[PDB]
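**Student:** give the three-dimensional model of this entry:
(chains A, B and C)
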Amino acid sequence: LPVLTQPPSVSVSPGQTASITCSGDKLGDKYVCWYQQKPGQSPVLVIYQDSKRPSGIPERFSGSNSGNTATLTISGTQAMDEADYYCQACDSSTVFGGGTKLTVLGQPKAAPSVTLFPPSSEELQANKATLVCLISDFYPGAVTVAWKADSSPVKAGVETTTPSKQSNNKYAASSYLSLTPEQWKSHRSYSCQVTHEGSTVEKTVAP
Amino acid sequence: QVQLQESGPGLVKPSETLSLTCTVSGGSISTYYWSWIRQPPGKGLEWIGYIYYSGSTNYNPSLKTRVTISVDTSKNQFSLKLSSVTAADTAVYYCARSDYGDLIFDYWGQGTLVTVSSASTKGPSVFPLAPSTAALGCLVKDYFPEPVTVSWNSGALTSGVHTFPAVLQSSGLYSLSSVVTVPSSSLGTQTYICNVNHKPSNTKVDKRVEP
Amino acid sequence: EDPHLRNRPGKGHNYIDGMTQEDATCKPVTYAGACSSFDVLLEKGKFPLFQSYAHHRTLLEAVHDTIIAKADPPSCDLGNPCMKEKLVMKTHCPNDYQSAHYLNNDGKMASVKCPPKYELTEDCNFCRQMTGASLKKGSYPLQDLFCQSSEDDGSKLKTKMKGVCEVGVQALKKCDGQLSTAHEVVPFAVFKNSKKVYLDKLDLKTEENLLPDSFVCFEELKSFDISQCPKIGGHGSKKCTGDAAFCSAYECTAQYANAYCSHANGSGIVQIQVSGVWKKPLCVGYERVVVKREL
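**Tutor:** Numbering: from 1, shown residues only, chains lettered A, B, ... in the order given. Next comes the structure:
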């Protein structure tokens, strides 16, 4: 059964020319399609029959196919074009390529915006207690999250998501701290400390 | 103008049969090719098979022994059956349309996630994240399997809504949060209700959030 | 004017093997959709013989109905095996075809096929790299013909043509004198066990009957297989109605009918006069080939 190989991870600085390769034996005898997929949504056809463009697709998108290699090229790559790119043999024995993530360099650093909610009184009536730390709109896509009860690191019960790309190309993350109602009431404050690229952003709550 | 809409359970036990249905709207089955495609979490696309109105089919050879695709022109839908299912079948399942048997997919459905697991379905608890621009929200706690959809004021409130990706806890249950930013002036005078939909448990909660 | 030309007898498969990408509209051909292997046959005055017998089988339908065998090898890409028979025949191919098919001298279906992303030239003797939008997904019929099953033996029928020295690839005798040459549109027939039989005159008669290929059935029209209909005092899965000829043989339920079945006009068993005798052929057609006549 056929296999087409793309590179993971192509990188390009804005306005420059990105090129995604897709290889397989005698691939030049088959027609090739390309699809762009953005976080959380369905693939979108961007190139079909090696080089044609669907009605409504920016003309900076072009493609070509010859020999053992098809190529999808974006001229003047924008931030808009950060996505995964799949090639397909849209011919007799159909197969997709493994996919290429396209990162467009030089986008500006942004610090996380952090919102921190205390336990709801409904949850305290359920004799449970959760603190929610919501972390949005930061670039690059890496944070670390430390929790304090007044002064000192929190023993246990924190769960943090890996960061995930938003629509606007920035990242989001969540941290949850679970406590007994007694642990909530017994301290004077709780803090979520989010550290992004050396600098720390800290919100607090109190019973 | 076509819309494709996948429906089916979100949870299938190992060795059992998975079943999905795609409903075509604003169009018809007609003479197109109708395909099922899947994507394992974090991985690439794989084509499963196609059918056309006459009932004739063509399957990925890696899967042909476990795949059935069927069509219902009178109801404008088509269906997938994937049998003796395994953890490798956990994926988002997409329906897609193509003009010809070269499978140029120019219309796609939204995708349904199907998780293969022996775990039981569990419907979520919903709690209000009261406001202290003001942020308010809904905490959706301890559900299985993913996904859960949230709307605010029956979908009337869209600008300023951030529904965060779920955390998967040590318990094996998921949780997520929905937050909406509003005018601080409005907080005494507008109603904010979050609507939580967990299909795999047929749970549906509408929670009011006040200061 | 007949509204059921796309409601085909037999299976109605109009595709050549290894060109499978318009099966949804070509396997079978029916009322809806476009088929690059079939539609051309219904354009006004392009295939006159087939249009006078449009409820008989195309060459491709006859292959998939096992009436006609596929040549051996079944394609050829463009130099020796093909192109002998192909080069004596003068044909115009529309643009964007990768394939074109014909009945060869042995009475089998042969084809010429271009490489991927190549098309046939207007004379169908060469292939060139894709000019234009899109290759079509079917094969172009190079002959004007129609077909039918037959058990009539023609192992004794050989081309006989007065004053003709060569017609196509067949040399009929030795002519020592000088010859005149021309591309001629020549009637031919193919029988059980015969080679292609070229003819000086085409002479045909239809004998009508009430067999399944004499009716077309339909539920926007949709095709319905008459084999689902119960004959009178017999079993069947669906409920049907039709004209009087149909009701004379099948059960007729004017109120609970799923489908209606009319007589397919022009249908029947076709016979051809060969050296004064009437014989039932497998295919009959016209072909534009080189002919050499004595002077």
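**Student:** residue contacts, the closest residue in space to residue C:241 that isn't next to it in sequence?
**Tutor:** Nearest residue to residue C:241, sequence neighbours excluded (CB to CB, 6 or more residues apart in numbering or on different chains): residue C:257, at 4.0 Å. The C-beta positions use only the backbone N, C-alpha and C, and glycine is treated the same way. By CB atoms under 8 Å, 6 or more residues apart in numbering or on different chains, residue C:257 lies in contact with C:239-241.
**Student:** cool, and residue C:89?
**Tutor:** Residues in contact with residue C:89 (CB under 8 Å, 6+ apart) are C:102, C:142, C:168, C:287-290.
**Student:** please report phi then psi for it.
**Tutor:** phi -110, psi 130 (degrees, to the nearest 10).
**Student:** equivalent analysis for the one 10 residues further on, please.
**Tutor:** For residue C:99, the backbone dihedrals are phi -140, psi 150 (criterion: degrees, to the nearest 10).
**Student:** that one contacts residue C:115, doesn't it?
**Tutor:** No - contact criterion CB atoms under 8 Å: residue C:99 and residue C:115 do not qualify, at 11.2 Å.
**Student:** so these two - more neighbours on which side?
**Tutor:** Per other CB atoms under 10 Å in any protein chain shown, whichever of residue C:99 and residue C:115 has more neighbours is residue C:99, with 24 against 12.
**Student:** ok, and the closest non-adjacent residue to the more buried one?
**Tutor:** residue C:139 (3.7 Å).
**Student:** what is the burial count for that neighbour?
**Tutor:** Residue C:139: 28 neighbours (other CB under 10 Å).
**Student:** can you check the one 10 residues further on too?
**Tutor:** Neighbour count for residue C:149, taken as other CB under 10 Å: 16.
**Student:** before we move on, what about the one 10 residues further on?
**Tutor:** Residues near residue C:159, counting by other CB under 10 Å, number 19.
**Student:** shouldn't it be within a helix?
**Tutor:** No - counting by DSSP: H, G, I helix; E, B strand; the rest coil, one finds residue C:159 to be coil, located in no helix.
**Student:** next, work out how far apart residue C:14 and residue C:25 are.
**Tutor:** 9 Å (CB to CB, to the nearest Å).
**Student:** do the same with residue C:32
**Tutor:** Using CB to CB, we find residue C:32 at a distance of 7 Å from residue C:25.
**Student:** same check, this time on residue C:200
**Tutor:** Per CB to CB, residue C:200 is found 39 Å from residue C:25.
**Student:** these two - which one has more neighbours?
**Tutor:** Neighbours per residue, other CB under 10 Å: of residue C:200 and residue C:25, the larger number sits with residue C:25, 27 against 13.
**Student:** what secondary structure does that one sit in?
**Tutor:** helix.
**Student:** list the contacts for it?
**Tutor:** So residue C:25 contacts B:31, C:32-35 (CB under 8 Å, 6+ apart).
**Student:** which single residue in chain A comes nearest to chain C?
**Tutor:** residue A:29 (4.3 Å; CB to the nearest CB).
**Student:** check contacts around that residue.
**Tutor:** Residue A:29 is in contact with C:115-117, counting by CB under 8 Å, 6+ apart.
**Student:** quick one: it from chain B, how far?
**Tutor:** 13 Å (CB to the nearest CB, to the nearest Å).
**Student:** same question, residue C:280
**Tutor:** Counting by CB to the nearest CB - residue C:280 and chain B are separated by 32 Å.
**Student:** pretty sure that residue sits against residue C:271.
**Tutor:** Yes - counting by CB under 8 Å, residue C:280 does reach residue C:271; the two are 5.3 Å apart.
**Student:** now do the shared contacts for these two.
**Tutor:** By CB under 8 Å, 6+ apart, no residue touches both residue C:280 and residue C:271.
**Student:** quick one, what contacts the residue positioned nearest the centre of chain A?
**Tutor:** Centroid check for chain A by CA atoms, centre = their mean gives residue A:165 as the closest residue, at 2.7 Å. Residues near residue A:165 by CB under 8 Å, 6+ apart: A:39, A:82, A:141, A:171.
**Student:** what values do phi and psi take at the second one?
**Tutor:** Spelled out, it's residue A:82. Taking degrees, to the nearest 10, you get phi -60, psi 120 for the backbone angles of residue A:82.
**Student:** tally of neighbours for it?
**Tutor:** When counting by other CB under 10 Å, one arrives at 18 neighbours for residue A:82.
**Student:** what's across from the closest residue to residue A:144 other than its chain neighbours in the sheet?
**Tutor:** Distance criterion CB to CB, 6+ apart; nearest residue to residue A:144, sequence neighbours excluded, is residue A:195 at 4.9 Å. Counting by DSSP bridges, residue A:195 forms beta bridges with residue A:144, residue A:200.
**Student:** follow-up on the earlier one: name the member of the contacts of residue C:89 with the most neighbours.
**Tutor:** Busiest of those [other CB under 10 Å] is residue C:102, holding 25 neighbours.
**Student:** what about residue B:44, neighbour count?
**Tutor:** The burial count for residue B:44: 15, using other CB under 10 Å.
**Student:** and the chain, what are its domain boundaries?
**Tutor:** Here I'm looking at chain A. Per the record, chain A has its domains at A:1-106, A:107-207, by curated CATH domains.
**Student:** sorry, should have said chain C
**Tutor:** C:23-147, C:209-263 (automatic domain parsing).
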